[PDB]
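Novice:
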Amino acid sequence: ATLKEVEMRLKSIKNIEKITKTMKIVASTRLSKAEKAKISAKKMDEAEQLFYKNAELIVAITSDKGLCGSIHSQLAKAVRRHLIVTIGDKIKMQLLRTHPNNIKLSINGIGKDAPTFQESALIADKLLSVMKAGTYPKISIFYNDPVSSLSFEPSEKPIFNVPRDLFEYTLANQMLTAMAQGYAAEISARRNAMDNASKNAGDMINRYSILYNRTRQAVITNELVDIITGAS
Amino acid sequence: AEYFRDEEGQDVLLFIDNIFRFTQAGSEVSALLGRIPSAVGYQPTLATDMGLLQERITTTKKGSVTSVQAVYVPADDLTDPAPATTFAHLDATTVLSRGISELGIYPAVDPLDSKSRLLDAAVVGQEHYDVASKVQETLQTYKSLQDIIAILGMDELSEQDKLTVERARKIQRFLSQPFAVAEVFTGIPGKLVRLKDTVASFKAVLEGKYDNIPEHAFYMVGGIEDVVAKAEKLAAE
Amino acid sequence: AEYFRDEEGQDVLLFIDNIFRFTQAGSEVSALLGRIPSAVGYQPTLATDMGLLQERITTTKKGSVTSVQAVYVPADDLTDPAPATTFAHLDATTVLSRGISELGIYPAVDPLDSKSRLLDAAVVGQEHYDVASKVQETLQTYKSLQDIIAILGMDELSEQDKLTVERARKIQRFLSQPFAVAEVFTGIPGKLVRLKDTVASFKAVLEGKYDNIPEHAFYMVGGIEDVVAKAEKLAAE
Amino acid sequence: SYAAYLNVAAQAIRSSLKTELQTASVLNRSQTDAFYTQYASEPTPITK
Amino acid sequence: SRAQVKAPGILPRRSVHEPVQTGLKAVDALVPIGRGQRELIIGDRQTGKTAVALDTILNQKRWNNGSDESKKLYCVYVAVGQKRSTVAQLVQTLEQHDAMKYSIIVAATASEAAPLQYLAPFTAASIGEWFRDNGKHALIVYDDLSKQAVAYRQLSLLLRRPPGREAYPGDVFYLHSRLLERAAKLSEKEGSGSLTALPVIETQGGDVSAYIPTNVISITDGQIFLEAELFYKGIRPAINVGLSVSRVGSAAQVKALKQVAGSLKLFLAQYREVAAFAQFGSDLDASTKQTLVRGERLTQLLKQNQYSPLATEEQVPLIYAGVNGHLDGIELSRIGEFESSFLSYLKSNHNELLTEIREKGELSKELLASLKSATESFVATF
Amino acid sequence: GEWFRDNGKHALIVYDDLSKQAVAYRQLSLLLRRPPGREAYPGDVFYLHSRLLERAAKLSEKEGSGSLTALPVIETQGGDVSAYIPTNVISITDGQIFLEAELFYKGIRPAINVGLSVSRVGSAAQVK
Amino acid sequence: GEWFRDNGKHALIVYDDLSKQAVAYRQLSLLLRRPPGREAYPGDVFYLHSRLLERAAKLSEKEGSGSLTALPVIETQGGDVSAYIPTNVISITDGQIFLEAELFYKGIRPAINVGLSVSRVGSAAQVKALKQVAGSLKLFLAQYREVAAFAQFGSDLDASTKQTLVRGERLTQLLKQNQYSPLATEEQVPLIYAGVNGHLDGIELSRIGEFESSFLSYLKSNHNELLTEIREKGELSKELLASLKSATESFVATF
Ligand SMILES: Nc1ncnc2c1ncn2[C@@H]1O[C@H](COP(=O)(O)OP(=O)(O)OP(=O)(O)O)[C@@H](O)[C@H]1O
Ligand SMILES: [Mg+2]
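Residue numbers (the authors' numbering), protein chains in the order written: chain G, 1 to 56, 73 to 99, 107 to 183, 204 to 275; chain F, 240 to 476; chain D, 240 to 476; chain H, 9 to 47, 53 to 61; chain C, 129 to 510; chain B, 256 to 383; chain A, 256 to 510.
(1) Taking all protein chains shown into account, decide if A414 of chain A is buried (16 or more other Cβ within 10 angstroms of its Cβ) or exposed.
(2) Going along the chain, which residues of its own chain have a beta-carbon closer than 7 Å to the beta-carbon of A41 of chain G, five neighbours each way excluded?
(3) Anything in chain B within Cβ reach of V348 of chain F, meaning under 8 Å, just list it in chain order.
(4) Less than 8 Å between the CB atoms is what I'm expecting for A242 of chain C and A279 of chain C, so what's the real figure, rounded?
(5) How about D319 of chain F and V310 of chain F: are their beta carbons less than 8 Å apart?
(6) Under three-state DSSP, which class holds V432 of chain F?
(7) Cβ of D271 of chain C versus every heavy atom of ligand 2: is any distance shorter than 7 Å?
(8) Going by DSSP, which residues form a beta bridge with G302 of chain D?
(9) Against chain G, does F301 of chain A count as a neighbour if the rule is that its beta carbon must be under 8 Å from one of theirs?
(10) What do you reckon, is the C-beta of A179 of chain C under 7 Å from a heavy atom of ligand 1?
(11) Starting from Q308 of chain F, follow its DSSP beta bridges and name the residues at the other end.
(12) In its own chain, which residues sit with a C-beta less than 8 Å from the C-beta of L354 of chain C, not counting the 5 before and 5 after it?
(13) Decide yes or no for the touch test of the region 435-446 of chain C against the region 398-411 of chain C: beta carbon pairs closer than 8 Å, at least 3 of them.
(14) Excluding the five sequence neighbours on either side, which residues of its own chain have a C-beta within less than 6 Å of the C-beta of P177 of chain G, listed in chain order?
(15) If we define contact as Cβ-Cβ less than 8 Å, is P445 of chain A a contact residue for chain G?
(16) Are the beta-carbon atoms belonging to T60 of chain H and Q141 of chain G less than 8 Å from one another?
(17) Any chance you could list the beta strand (DSSP E) runs of at least 3 consecutive residues sitting entirely within the region 302-365 of chain D, in chain order?
(18) What residue from F:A470, F:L291, F:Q399, F:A474 has the CA that sits closest to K211 of chain C's CA?
(19) If you follow the alpha helix (DSSP H) that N235 of chain G is part of, which residue opens it and which one closes it?
(20) Sorted by chain position, which residues of the same chain lie with C-beta nearer than 7 Å to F301 of chain B's C-beta, five sequence neighbours on each side aside?
(21) Just verifying my parser: in three-state terms, what is the DSSP assignment at residue 511 of chain A?
(22) Kindly indicate the opening and closing residues of the alpha helix (DSSP H) around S505 of chain A.
(23) Output the boundary residues of the alpha helix (DSSP H) element that contains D386 of chain F.
(24) Could you name the residues that DSSP lists as bridge partners for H265 of chain C?
(25) With a 10 Å radius around its C-beta and 16 neighbouring C-beta atoms as the bar for buried, classify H265 of chain A as buried or exposed.
(26) Mind checking whether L396 of chain C and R425 of chain C have CB atoms under 8 Å apart?
(27) May I ask whether a heavy atom of ligand 1 can be found less than 7 Å away from the beta carbon of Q165 of chain C?
(28) Three-state secondary structure (DSSP) at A179 of chain C?
(29) For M8 of chain G, is the classification buried or exposed, using 16 other Cβ atoms within 10 angstroms of its Cβ as the cut-off for buried?
(30) Provide the residue span of the beta strand (DSSP E) that contains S174 of chain G, from first to last.
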């Protein structure tokens with residue numbers, strides 16, 4: 001109502017806009033690495049996939081950090097539509120609210136940087152040790168794919204002494220291949236999300252910039268009405 | 240009205256539209272009467288010139304007067320001396336606001352700024368009181384999250400809060416109601432909704448029975464049965 | 240105060256509590272005398288009245304009348320003419336903030352909003368200015384990271400900023416002091432510290448010499464030579 | 009275990025690289041920070 | 129007695145050291161009011177102010193029926209600018225609760241000439257000053273001083289005196305000041321009496337920068353700030369614990385309630401700090417999540433119904449169970465079921481704890497440990 | 256217009272625009288030392304407009320069936336309808352046609368905001 | 256000062272500060288009961304400050320070519336320039352030097368906001384030696400003022416921005432200096448040169464003060480001819496820039 005209130009509101013909004021601009025920029029910088037990673041990993045994946053092409073549980077991957085738009089929403093929804108091991112806290116919570124008894128294993132802290140075969144292999148090892156995953160009649164990997172520079176789509180991918208070592212290795216291969224594509228997708232959706240956020244902040248600033256000027260004119264007029272009536 | 244109250248002893252209802260004009264007419268004349276003007280430009284006698292009229296509009300041991308007063312708010316400024324002084328003289332106050340009208344939600348009552356002395360469990364019942372408290376809580380939770388929704392979006396919100404926002408958008412829209420005198424310029428025929436039906440409906444909405452019906456089913460309908468009827472009609476489209 | 244200066248030949252100090260009401264009363268007396276009110280309602284003579292009061296508070300060859308003035312800031316608005324005019328004359332500030340007692344350190348003086356004109360190398364010396372500047376840098380670095388410490392935790396911080404926050408907490412606590420008058424209610428014995436024993440004591444903390452010691456050893460200790468002893472006595476318990 | 013076998017064999021092929029060649033990437037490949045917790054009951058967090 | 133008698137001076141007073149027990153958790157435990165104090169109940173329209181003053185009036189029933197004249201507190205209510213029907217309803221409430229026998233109502237209603245609205249507070253003060261000067265205790269509630277200011281403005285402007293800020297006269301501060309600090313706590317030399325003032329103020333648009341609020345906030349020893357965003361959230365009474373403050377503080381507080389209000393205030397300060405991140409509770413750090421949990425549970429704990437004041441024997445166990453973490457396992461919606469079902473338990477199976485908290489006034493260790501035991505023996509079944 | 260009205264004929268009156276009549280009345284008043292109210296306008300601006308616009312009336316066959324139709328125009332600073340004079344004329348009048356600049360620049364001309372626009376007599380006049 | 260202006264001499268006038276003059280005039284007029292205006296100020300406060308300030312002038316040869324230079328001071332509450340008297344003076348003057356508290360309590364001294372400060376006249380008056388070397392300092396600082404928000408993130412930043420972040424830090428640490436130590440142009444141009452040409456990048460940001468104080472002594476002790484020429488000529492020849500590059504690099508290497 002008063003000037004000290006509109007100005008503080010405007011300052012808070014400008015702070016939100018700056019905080020979102022820096023986030024957009026850092027998400028733009030962190031992308032090149034993720035895209036290099038996605039391309040290299042998919043180039044590896046093509047080789048191992050070619051064999052199945054010629055011949056013949074769920075892991076759900078998201079990061080723990082939010083403010084990435086619909087990355088976790090669409091994937092939790094796709095997993096429920098298909099209906107579990109959760110990589111990341113946010114898919115963990117989405118699944119835990121709906122079906123708390125189904126979660127068997129959770130991994131967190133991975134997404135802070137581009138994935139690597141160390142994390143994937145160690146996850147595969149704890150998986151085959153605690154769950155003995157290789158015994159399950161079926162295994163499926165749920166992850167997000169960056170179909171474009173401004174959108175993504177969720178996706179499910181199967182996992183079907205050469206056979207033992209081959210499956211045990213392709214498990215780590217596909218977990219890495221999914222983690223990479225999910226990391227790229229979340230960075231892109233954290234660059235478009237903060238773009239929309241900053242533009243909405245701009246629209247809010249353009250509204251409060253009218254509210255402020257109105258309050259300014261009103262304050263001056265009324266202070267001067269008081270002074271004049273005192274001086275009459 | 241006072242003769243009907245006292246001399247005839249009958250029950251009386253007094254409609255005054257608009258009582259702000261009394262204070263405004265006093266303001267217009269105050270400057271020519273030779274008085275130093277008070278605040279934003281009203282007369283000194285506002286609070287007492289108002290009281291001398293307002294305190295006559297009251298129920299007495301001799302008779303009852305039920306008073307409905309329209310109070311204009313200039314420049315939408317509820318803080319203007321006249322409304323600010325009138326608020327103290329009324330047992331019930333419904334504040335119509337412009338925002339709720341731009342949203343299309345007639346009769347445009349601000350569900351929160353509107354207040355009544357009788358909204359206590361000793362009078363309306365505990366069910367009714369708790370329903371009204373849950374409605375207010377849902378709507379205020381919705382209004383506290385508006386900045387987040389504007390900038391960030393609804394994705395960030397928690398699971399309870401997404402539900403509370405969907406339910407707030409349903410509730411605020413269900414408080415809309417078409418009036419039989421407004422049909423000429425709104426087209427929608429009128430609806431009268433009983434108190435018990437209203438409480439039961441908002442209870443059923445708060446208790447989650449109708450999370451499966453879209454927001455549009457609640458707009459400008461009457462009771463919950465009409466929400467279901469319109470949901471079926473929209474589905475058939 | 241001026242008599243004890245000019246006719247007792249000694250340095251005295253004058254407490255005025257509260258200086259806001261000097262200007263408030265000046266505004267009352269001006270309005271009553273029929274002088275046109277200025278800005279938000281103060282007397283036109285505001286600056287000159289404050290001057291004719293303050294400019295007697297000064298050093299002369301016979302002595303100095305020092306003043307410690309409580310300043311009531313209405314509505315927390317440092318831009319109100321009363322505090323705005325007072326600030327032009329005073330050159331040291333001491334902000335006692337609730338935001339520091341809420342976390343339980345007394346005197347409760349804000350190390351960052353509180354400031355002084357005399358914090359200049361030509362007055363306090365470079366050894367003191369360096370220490371003060373690095374204190375106001377560590378505390379401000381901590382006050383920058385609080386959002387990060389909350390949403391994230393202290394593990395995400397770099398090993399540099401983790402050390403900065405540790406030393407900032409130690410400094411925040413070491414600025415606390417038991418008064419020689421609090422001996423009755425708090426029970427704590429109370430002590431006073433010289434400027435050397437303080438500047439050097441903080442230099443030793445910034446230089447990381449006592450980074451081995453926990454934060455609690457700094458809480459109510461007048462000087463590091465007693466922080467060592469408190470650490471020993473706590474570890475022995 | 010075969011994937012972890014490849015992981016330890018990779019570490020063997022990796023630490024044996026000249027100390028000038030171990031670019032930041034090579035160190036990064038060796039600093040997995042992940043934690044795991046089996047599950053609504055679950056024990057304390059365990060490092061990988 | 130004259131209306132504008134002079135207030136007592138420095139020398140005859142004694143410091144505030146005894147409590148004006150409101151029976152409201154949010155006040156007695158966070159912004160205590162003492163006998164001899166001046167506490168401004170400030171807030172926007174329809175926010176809960178009269179409810180606070182009236183619960184304070186109604187809670188004195190447990191002492192005023194007593195024979196010990198040192199504990200009973202008589203009441204005076206000054207209705208300035210109110211309509212007569214509101215006073216009719218207030219007298220109905222006080223009659224129902226049997227509080228009239230210790231209450232005087234002074235009514236300069238809206239239709240009353242402006243001079244009488246200006247003058248009523250001074251005469252009500254002079255009525256209370258009799259109890260003060262005869263060794264008795266009084267609580268004077270002004271509802272409300274903004275309307276006395278409006279009446280004084282009317283009088284002044286029609287007398288052709290020059291206006292100041294916001295069209296008010298120059299000397300409104302001198303109007304309210306020589307009203308409020310007639311409240312005092314007198315020393316044994318002058319009869320040990322007390323007069324306690326609870327002035328109400330109505331803030332338009334929440335603006336405390338207005339002239340009369342800016343004045344009265346400067347005259348009073350503390351403020352209970354009532355805010356509507358808290359009201360609609362079910363925090364009732366809607367006391368903003370962060371804006372509200374007492375300058376008398378611990379001295380005015382019951383000792384047992386002090387021993388826990390310290391920690392209560394610290395934890396609610398931590399909550400006020402983190403609260404900006406309240407909604408996104410999941411992704412925060414452990415300590416921030418814990419602080420959010422405990423602070424939200426305590427804020428819910430402080431709510432209580434209208435015309436249902438509590439004894440301090442009933443406040444201490446509840447603030448203890450909240451501070452000391454027991455309530456962290458209880459869902460935020462069940463806290464209302466808790467404070468109801470716990471006290472009923474304590475009264476039934478652990479009466480001596482309440483009896484000793486009341487009689488002795490201080491939580492002894494032998495008793496604090498048994499209270500811990502008796503709270504564990506409940507949260508387990510709950 | 257009231258001549259056509261009072262002699263059985265139909266008239267329409269466009270005022271372009273009342274904001275400037277209000278400004279002129281503010282001038283005339285303040286120069287007469289008439290104390291300023293809200294937005295520095297005199298207290299009797301509502302009476303300036305109400306006795307102007309109430310003359311627009313549809314008469315009975317007892318008088319002769321005339322009518323005077325008033326289309327007052329108002330300029331809004333910054334697009335705000337919450338101002339004093341706009342709100343006053345909205346209170347006097349039987350409807351409003353709000354023309355929004357965002358739509359005008361978009362190429363929606365006439366820029367009728369069908370939401371804020373309303374004719375409280377509505378369908379009664381509309382052609383069947 | 257007008258005596259000096261009119262007698263062919265050069266005068267500088269520092270008004271500290273004109274806000275209090277406006278307050279004095281408000282008091283003076285309100286006690287005289289003259290009708291007030293905005294902010295309780297009289298109508299013609301603009302005609303007070305203009306009538307004061309624009310007596311400053313540079314005169315033609317017909318009048319002795321004297322001058323009078325005005326540095327008015329205005330105390331802005333909360334840094335708001337929307338106020339009445341600050342607006343008026345900002346409109347009267349040929350520029351502004353904006354000092355910001357946000358930079359002051361972060362240890363920058365003088366706390367000149369390069370983004371808001373502007374001289375609409377002096378760029379023609381500036382010393383050529385300084386112009387040649389500092390032309391790009393505006394751009395480097397304007398880029399640093401953007402990147403400053405992204406700085407705290409770390410390695411994530413591109414090299415084309417890391418270079419900016421490296422330069423602007425040294426530049427801001429260069430432009431700060433202790434009070435009552437005003438430096439000669441001959442000592443200023445070499446430092447801005449070392450900075451704009453990135454020679455300081457190999458020095459820890461904490462030691463720039465040690466660098467400057469040392470550098471001055473070297474040029475003064477081993478390259479005085481160049482300082483002498485800089486101030487005798489005021490402009491850098493093709494050859495002086497080369498000798499300055501040589502001295503700067505030979506120092507930075509052995510610093
Ligand atoms: N603790 C509470 N719990 C539930 N309802 C409450 C509580 N306190 C107040 N209310 C409700 O708030 C409403 C306002 O009460 P109150 O008379 O205290 O307001 P007020 O501050 O006097 O406002 P005004 O005097 O301007 O009407 C009442 O209808 C009452 O039922
Ligand atoms: Mg009330």
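All residues carry an ideal CB built from backbone N, CA and C; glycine is no exception.
Specialist: In short, the structure shows the following:
(1) By one-based count along the seventh sequence, residue 414 of chain A stands at place 159. With fewer than 16 other Cβ atoms within 10 Å, it is exposed.
(2) Numbered from its first residue, the first sequence carries residue 41 of chain G at position 41. If we look at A41 of chain G and ignore the five residues flanking it on each side, its Cβ neighbours are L219, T220, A223.
(3) Working through the second sequence from its first residue, we reach residue 348 of chain F at position 109. Chain-order list of chain B residues neighbouring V348 of chain F: empty, with the shortest C-beta distance near 18 Å, by a criterion of under 8 Å.
(4) Position 114 of the fifth sequence, counting from 1, holds the residue named residue 242 of chain C. Position 151 of the fifth sequence, counting from 1, holds the residue named residue 279 of chain C. The C-beta distance from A242 of chain C to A279 of chain C rounds to 4 Å, short enough to fall under 8 Å.
(5) Taking the first residue of the second sequence as 1, we reach residue 319 of chain F at position 80. Taking the first residue of the second sequence as 1, we reach residue 310 of chain F at position 71. The Cβ atoms of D319 of chain F and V310 of chain F do not sit closer than 8 Å to each other.
(6) Indexing the second sequence from 1 puts residue 432 of chain F at position 193. In the structure shown, the three-state DSSP call for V432 of chain F is coil.
(7) Along the fifth sequence, read from residue 1 onward, the residue named residue 271 of chain C stands at position 143. At least one heavy atom of ligand 2 lies less than 7 Å from the C-beta of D271 of chain C.
(8) Position 63 of the third sequence holds residue 302 of chain D. When DSSP reads this structure, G302 of chain D sits in a beta bridge with D:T299.
(9) Here residue 301 of chain A is taken as the residue at index 46 of the seventh sequence, counted from 1. Using a CB distance cut-off of 8 Å, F301 of chain A does not count as an interface residue toward chain G.
(10) Reading the fifth sequence from its first residue, position 51 is the one you call residue 179 of chain C. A179 of chain C Cβ: within cutoff of ligand 1.
(11) Indexing the second sequence from 1 puts residue 308 of chain F at position 69. Paired residues: F:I255.
(12) Taking the first residue of the fifth sequence as position 1, residue 354 of chain C is located at position 226. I169, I170, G171, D172, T175, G176, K177, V180, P365, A366, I367, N368.
(13) Result no; under three Cβ-Cβ pairs closer than 8 Å.
(14) Taking the first residue of the first sequence as 1, we reach residue 177 of chain G at position 154. The residues are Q90, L91, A94, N167.
(15) Walking along the seventh sequence from the start, residue 445 of chain A turns up at place 190. Closer than 8 Å: no.
(16) Locating residue 60 of chain H in the fourth sequence gives position 47, where the first residue counts as 1. Locating residue 141 of chain G in the first sequence gives position 118, where the first residue counts as 1. Here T60 of chain H is not near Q141 of chain G, since their CB atoms are 8 Å or more apart.
(17) Qualifying beta strand (DSSP E) stretches, in chain order: 302-308.
(18) Within the fifth sequence, residue 211 of chain C is the residue found at index 83, counting from 1. The residue with the shortest Cα to Cα distance from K211 of chain C is F:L291.
(19) In the first sequence, counting from the first residue as 1, residue 235 of chain G sits at position 192. Where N235 of chain G is concerned, the enclosing alpha helix (DSSP H) stretches over 205-274.
(20) As a working note, residue 301 of chain B is residue 46 in the sixth sequence. Closer than 7 Å at Cβ, skipping near neighbours: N343.
(21) Only positions 256 to 510 of chain A appear in this structure, which leaves residue 511 of chain A out of reach.
(22) Here residue 505 of chain A refers to the residue found at position 250 when the seventh sequence is read from its first residue. Where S505 of chain A is concerned, the enclosing alpha helix (DSSP H) stretches over 493-509.
(23) Sequence index remark: in the second sequence, residue 386 of chain F carries index 147 (1-based). Following the DSSP letters along the chain, one finds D386 of chain F inside the alpha helix (DSSP H) bounded by residues 385-390.
(24) As a working note, residue 265 of chain C is residue 137 in the fifth sequence. C:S322.
(25) For this step, residue 265 of chain A is matched to residue 10 along the seventh sequence. The residue is exposed, with fewer than 16 neighbouring Cβ atoms inside 10 Å.
(26) Within the fifth sequence, numbered from 1, the residue matching residue 396 of chain C stands at position 268. Within the fifth sequence, numbered from 1, the residue matching residue 425 of chain C stands at position 297. Their beta carbons are not under 8 Å apart, which means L396 of chain C does not touch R425 of chain C by this criterion.
(27) Indexing the fifth sequence from 1 puts residue 165 of chain C at position 37. It does not: the Cβ of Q165 of chain C is nowhere closer than 7 Å to a heavy atom of ligand 1.
(28) Taking the first residue of the fifth sequence as position 1, residue 179 of chain C is located at position 51. Judged by DSSP in its simplified three-state form, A179 of chain C adopts helix.
(29) For the purposes of this step, residue 8 of chain G is taken as residue 8 along the first sequence, with counting starting at 1. The residue is exposed, with fewer than 16 neighbouring Cβ atoms inside 10 Å.
(30) To locate residue 174 of chain G, count along the first sequence from 1; it is residue 151. Where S174 of chain G is concerned, the enclosing beta strand (DSSP E) stretches over 174-182.
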